[PDB]
Amino acid sequence: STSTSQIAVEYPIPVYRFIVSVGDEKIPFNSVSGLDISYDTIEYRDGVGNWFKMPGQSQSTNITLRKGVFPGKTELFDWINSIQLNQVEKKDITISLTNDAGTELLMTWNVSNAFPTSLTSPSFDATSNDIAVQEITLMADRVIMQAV
Amino acid sequence: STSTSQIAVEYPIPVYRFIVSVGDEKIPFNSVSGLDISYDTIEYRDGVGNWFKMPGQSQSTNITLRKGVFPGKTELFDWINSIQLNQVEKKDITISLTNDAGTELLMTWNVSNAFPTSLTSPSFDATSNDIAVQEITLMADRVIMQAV
Amino acid sequence: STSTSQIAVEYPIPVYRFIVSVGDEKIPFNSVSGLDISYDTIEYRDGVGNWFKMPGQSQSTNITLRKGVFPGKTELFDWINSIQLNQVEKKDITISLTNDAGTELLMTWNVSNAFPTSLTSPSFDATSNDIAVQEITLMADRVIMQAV
Amino acid sequence: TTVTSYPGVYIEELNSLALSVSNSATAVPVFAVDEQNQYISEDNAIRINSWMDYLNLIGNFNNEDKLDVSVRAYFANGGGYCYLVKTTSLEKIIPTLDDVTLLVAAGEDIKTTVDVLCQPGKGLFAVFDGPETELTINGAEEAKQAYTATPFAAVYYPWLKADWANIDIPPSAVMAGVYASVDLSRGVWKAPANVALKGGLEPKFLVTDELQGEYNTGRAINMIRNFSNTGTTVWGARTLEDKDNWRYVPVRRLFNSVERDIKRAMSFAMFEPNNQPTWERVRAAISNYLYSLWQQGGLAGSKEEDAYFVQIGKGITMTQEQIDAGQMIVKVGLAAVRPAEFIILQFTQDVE
Amino acid sequence: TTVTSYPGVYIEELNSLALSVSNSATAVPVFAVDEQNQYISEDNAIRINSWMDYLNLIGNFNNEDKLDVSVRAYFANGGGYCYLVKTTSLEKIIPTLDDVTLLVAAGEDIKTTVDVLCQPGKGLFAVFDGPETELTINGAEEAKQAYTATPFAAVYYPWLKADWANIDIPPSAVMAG
């Protein structure tokens, strides 16, 4: 006999309900991938036997967002088309696990200074029953995870 | 109760209905692959701690078009046969997602200066129930995506 | 969230976009090398212990410009062919890092009184997939670096 | 000026001075202009993008004008674009202009307008002049009585003089350019003191160290004095507030700059639905900005959680009553760096 | 507080402390409040959902109040919502409130009310303070004589002190959190 407010505190969070917000816009995405912290390890070892292991230089964060093609809207493409030589508008991406008809966040990830590389066009295919989907890849720094 | 003009505005576009047009000709293709933007990333990192990430040098676009073998027609082969030393006729390829019996485009991709490398002959096979298909591979620049 | 005008002020400049201008002409080059200042050091040392280090005589500037062979044009060769005994036309070379489709310079180097030595012909090679390239070497004086 | 009929080239000979342009994101001054100035009109600000832009508005550079010698000293030190508002309509135009940060009196009485527009909410900092007369260590606490005790104001004493200027230059106009030159090279968090003046400036009155000790304490008057190795230089960073919170102009100008940048990030949250998915986007937008400011060294803290904190919430900051009214309340804290102002040397005769 | 006429944003500068909210299903304390407290009335419990809820009831945080420094130390340690009952009408309101589990003396003499309401049937646990004076190993069995031998009570000795609080904080209010 678990109460419905006990499940909100004790139970794990399902992945499939999430909100992605790219800068000021919020746009519906099919899937989000990557988005993990990582560290190189530095190892010193000298002759008397002691072995030092340290966290080292952080690694660059690479995120992949996947989204279907909608008939009026290309604003994933216009972001990657605006790249002149090294100047692009970087913007913050927030992923947020929500409840059904999300008025309440459960977890929140924050990405800083994300800019697009490698927008992937759909694979046109005459014998396929799929939607035209696009992956955009983002390079960024500082994934942080926020409670609620 | 979704109206049929609401589906034309809100719903994603299926991949299987498309028009490929190679230069002045338009020819029916079985599948189109590749056709994506990409960028190298330049990373500067100095001693005080700040880490600069930039979009860098663009990558060359490589497209693969697949097409069955028809009895009178070899005009994918005559394009790749006309390569003398570095001189080939480059032409523009446009892919375009359409409706049923296409009188109306929904999305459009444009490829500039595409020229053929690596025409692939069918694999003759006495125990196979397939059509003779050919892949041609194109190297090009500047994929752009146009709305409608 | 870096703005696109902040990247123009804070971020380092990529090397690959540059304009070379030889005299009144401007000609597209594949790569530019050398082009650095240098100084000999004079060291005095006497018996009481003090050691004087000084900047000394400047060194001659030697630049190497690399360029592919184009079918109608030999004006790197006609410059080095015009050397009669010690008389050659010296001209000023300016390198300039630019933006994409350069209407705006970011940095500028200036070379004075450059004259050609050692034009290098391409290495003809039946098993190579390369372009015919040529290096010209320039001896000059006074590299100066100008902001914008 | 010059009339061009044939293509050619033209080898006109004229003496006109040209100053290089600078772009400053953080310091946009407004020069108070006296009445009996025939060039600018009442009730509109004239944006002057460069010294050449100013030299098109007036025909000749005038040595006798207080406005002319103050604007040339401003652009020689590295100032960006500025506005020119007349002093009687000055209280109407500064609220219209959005990105104005500095308020500069170029030898003008703005003490009436500074009390009514410099508020804790608004981002205006107001540098103005010291008294033109050569003052004393003796009657020193009466000269500090003339100025208000607001934390948003700094007073720089000696009216500078130059060989090109006939009259003495008000020192606040050269300090609008020093503020823009400091923040571009080292940041807003760095104090504008011990920076040399790029123009041909030197103080009218040489200031003893014992006199500067009088004025630095209560309602502090920063002072521009000459050093033989540095030339002329600015030698103060203190505001007119003596309280330990807002004592220094790098701390007051950092908080003015941070809250203006947070203003722009809260601009996108305007007229969005007032629920939790907005508040976690408001907090994430501020937390990115204060982190990248801490990484530049702007905020003082060894640990990142020591430099700042942001708090939004329905239990924390805003009532259910206040949410229905339409309000959204965020709490931001910062930890600025203070400048080292005194250095005490102890010289010992025996080495041990 | 703040008056809002234009839409805008507002960059008011004020020092007010904010504590994060917690929901606790198992521990709902009741803070005994002395008389000569002008903010709460007799014979009704005032449910305080959060520290911000408490900071609306009283205007300023007061360093001198025994109740103020005890409630702030309670919410800083992670306490949920609590009730505020005055100490003379305390024996009438705790039987009315259903889900009350803890009974906290924030520097108050509740030894009369704890004997009459802490029974084996009722679910009330009652944490209160040790003596404020610095005691001894020498006169030690006399200090244990002052407290009742009920199993529902725990005594935490040293009155805690803080840099924000002027007076010493009763240790039972930090132990409810």
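All Cβ positions, even for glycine, are placed from backbone atoms using ideal geometry, and neighbour counts span all protein chains on display. Read the figures in this text as sums done on the coordinates, not as results from a lab.
Taking neighbour Cβ counts within 10 Å as the exposure measure, how do D:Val207, E:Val69 sort from fewest upward? Kindly include the intermediate steps, with their values, before the conclusion.
Values: D:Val207 18, E:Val69 26.
Ordered by Cβ neighbours within 10 Å, fewest first: D:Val207, E:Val69.
Apply 1/(1 + (r/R0)^6) to the Cβ-Cβ distance of A:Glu75 and D:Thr4, taking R0 = 41 Å, and write down the FRET efficiency to the nearest 0.05. Walk me through the numbers before you get to the answer.
On the way: r = 48 Å, r/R0 = 1.17.
Working from the Cβ atoms, E equals 0.30.
With a point put 7 Å past each Cα toward its Cβ, work out how far D:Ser185 is from D:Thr148 in nm, to one decimal.
3.2
Taking 22 Å as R0, compute the FRET efficiency from the Cβ-Cβ separation of A:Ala147 and A:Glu104 and round it to 0.05.
Details: r = 13 Å, r/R0 = 0.60.
After rounding, the FRET efficiency stands at 0.95.
Who wins for biggest fluctuation among A:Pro71, A:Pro28, A:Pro122 in a Gaussian network model of chain A, springs between alpha carbons below 10 Å?
For chain A, modelled as a Gaussian network with Cα springs under 10 Å, the answer is A:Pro71.
Could you please report the charge total around C:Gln59, scoring K, R as +1 and D, E as -1 over all other residues with beta-carbon less than 14 angstrom from its beta-carbon?
Values: positive: C:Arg142; negative: C:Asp36, C:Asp40, C:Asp141.
Spelling it out: positives minus negatives among the neighbours equals -2.
Just to be sure I understand the model, the point goes 7 Å from the Cα along the line to the Cβ. What's the resulting D:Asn15 to C:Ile83 distance in nm?
Reported label-point gap for D:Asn15 and C:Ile83 is 5.0 nm.
Can you give me the Cα centroid spacing of region C:40-93 and region D:264-317 in angstrom?
Rounded to whole Å, the Cα centres lie 56 Å apart.
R0 = 51 Å: FRET efficiency of A:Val48 with E:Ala27, Cβ-based, nearest 0.05? Mind showing how you got there, number by number?
Numbers: r = 53 Å, r/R0 = 1.04.
In this case the efficiency is close to 0.45.
So which DSSP H runs in chain D come out at 15 Å plus along the axis (Cα) with average Kyte-Doolittle of at least -0.5?
On the way: long enough: D:66-76 (16 Å, 0.42); D:171-185 (21 Å, 0.97); D:249-265 (24 Å, -0.55); D:276-295 (28 Å, -0.57).
Long hydrophobic helices here: D:66-76, D:171-185.
So the label point sits 7 Å from Cα along the Cα-to-Cβ vector; using that for C:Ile37, what distances do you get to the other copies, in nanometres, sorted shortest first?
4.1, 4.5
Summing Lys, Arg as +1 and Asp, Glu as -1, what charge do residues with Cβ under 12 Å from the Cβ of A:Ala126 carry, A:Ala126 excluded? Numbers along the way, then the final one.
Details: positive: B:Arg17, B:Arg66, B:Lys67; negative: A:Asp125, A:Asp130.
Residues near A:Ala126 contribute +1 overall.
With a/c under 1.5 counting as rounded, go ahead and sort the protein assembly as shown into rounded, prolate or oblate using the C-alpha gyration tensor (a ≥ b ≥ c being the square roots of the eigenvalues; past the cut-off, prolate if a/b is larger than b/c, else oblate).
Note, shape of the protein assembly as shown comes out oblate.
Relative contact order, percent, of region D:165-294 when contacts are C-alpha pairs under 8 Å separated by at least 6 residues? Could the numbers behind the result be given before it?
Details: 123 pairs, mean separation 24.3, N = 130.
Relative contact order, region D:165-294: 19 percent.
Report, ordered by chain and residue number, the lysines lying within cross-link reach of D:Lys111, taken as a straight Cα distance under 16 Å and ignoring same-chain residues fewer than 8 apart.
D:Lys86, D:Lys92, D:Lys144
What do you get for GluC sites (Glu not before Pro) in region B:1-66 restricted to DSSP loop and a cutoff of at most 13 other Cβ within 10 Å of the site's Cβ? Mind dumping the intermediate values first?
Numbers: sites: B:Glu10, B:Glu25, B:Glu43; in loops: B:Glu25.
Here the sparse-neighbourhood loop sites are B:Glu25.
What are the label-to-label distances in nm, one decimal and shortest first, from A:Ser1 to the same spot in the other copies, with labels 7 Å along Cα to Cβ?
Result, one decimal in nm: 4.5, 5.0.
Run through region E:1-101 and list the GluC sites (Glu not before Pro) located in a DSSP loop whose Cβ has at most 16 other Cβ atoms within 10 Å.
Details: sites: E:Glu12, E:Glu13, E:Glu35, E:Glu42, E:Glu64, E:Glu91; in loops: E:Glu12, E:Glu13, E:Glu35, E:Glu42, E:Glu64.
Those that pass, being in a loop and sparsely packed, are E:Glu12, E:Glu13, E:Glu35, E:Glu42, E:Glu64.
Treating the point 7 Å from Cα along Cα-beta-carbon as the label, what are the nm separations from B:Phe77 to the other copies, to one decimal?
3.5, 4.1
Using only alpha carbon pairs under 8 Å that are at least six residues apart, calculate the relative contact order of chain B and give it in whole percent.
25
Any idea what diffusion coefficient chain C gets from Stokes-Einstein, in µm²/s, Kirkwood Rh on alpha carbon pairs, 25 °C, 0.890 mPa s? Mind dumping the intermediate values first?
Values: Rh = 18.3 Å.
Approximately 134 µm²/s, per Stokes-Einstein.
Going through region E:117-177, which GluC sites (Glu not before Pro) have at most 16 other Cβ atoms within 10 Å and a DSSP loop state? Before the final figure, lay out the partial values.
Details: sites: E:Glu132, E:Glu134, E:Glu141, E:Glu142; in loops: E:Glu132, E:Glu134.
Filter output for region E:117-177: E:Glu132, E:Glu134.
For a bin width of 10 Å, list the pair-distance distribution of chain D built from all Cα-Cα distances, rounded to whole %.
5, 22, 29, 22, 13, 7, 2, 0, 0
Calculated from DSSP H runs of 4 or more alone, at -39500 (n - 2.57) each and per residue, what is the 222 nm mean residue ellipticity of chain C, nearest 500? Spell out each step's value before the answer.
Details: 2 runs with 12 residues, N = 148.
Helix contribution divided over all residues of chain C: -2000 deg cm²/dmol.
Calculate for chain E the 222 nm mean residue ellipticity that helices alone would give, adding -39,500 (n - 2.57) per DSSP H run of length 4 or more and normalising by residue count, nearest 500 deg cm²/dmol. Walk me through the intermediate numbers first.
Values: 6 runs with 39 residues, N = 177.
Calculated at 222 nm, the ellipticity per residue is -5500 deg cm²/dmol.
Set the bar at 32 Å for Cα to Cα. Now go through A:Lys91/D:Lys122; A:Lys73/C:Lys26; B:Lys91/C:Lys26; A:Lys53/A:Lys91; B:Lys53/C:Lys90 and name every pair that lies beyond it.
Values: A:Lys91/D:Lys122 27 Å; A:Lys73/C:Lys26 43 Å; B:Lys91/C:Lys26 30 Å; A:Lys53/A:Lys91 35 Å; B:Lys53/C:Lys90 41 Å.
Too far apart for the 32 Å limit: A:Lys73/C:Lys26; A:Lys53/A:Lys91; B:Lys53/C:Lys90.
In what sequence do D:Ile286, D:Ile344, C:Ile42 fall when counting other Cβ within 10 Å, fewest first?
On the way: D:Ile286 20, D:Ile344 4, C:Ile42 11.
So the ranking, lowest neighbour count to highest, is D:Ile344, C:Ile42, D:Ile286.
I want to make sure I understand the PRE zone here: with the label point 7 angstrom from the Cα of B:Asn129 toward its beta carbon, which residues in region B:17-59 have backbone N atoms less than 20 Å away?
No residue passes the distance filter.
Take D:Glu132, project a point 7 Å from its Cα along the Cβ direction, then tell me which residues of region D:50-82 have their backbone nitrogen under 14 Å from it.
D:64-70
Pairs of Cα atoms under 8 Å, at least six residues apart: use those to get the relative contact order of region D:255-352, whole percent.
Details: 73 pairs, mean separation 22.4, N = 98.
After rounding, I find 23 percent.
Taking each residue of A:110-116 in turn, how many C-beta atoms of other protein chains fall within 10 Å of its C-beta, and what is the average? Numbers along the way, then the final one.
Working: counts 8, 2, 8, 7, 2, 7, 3.
That works out to 5 on average.
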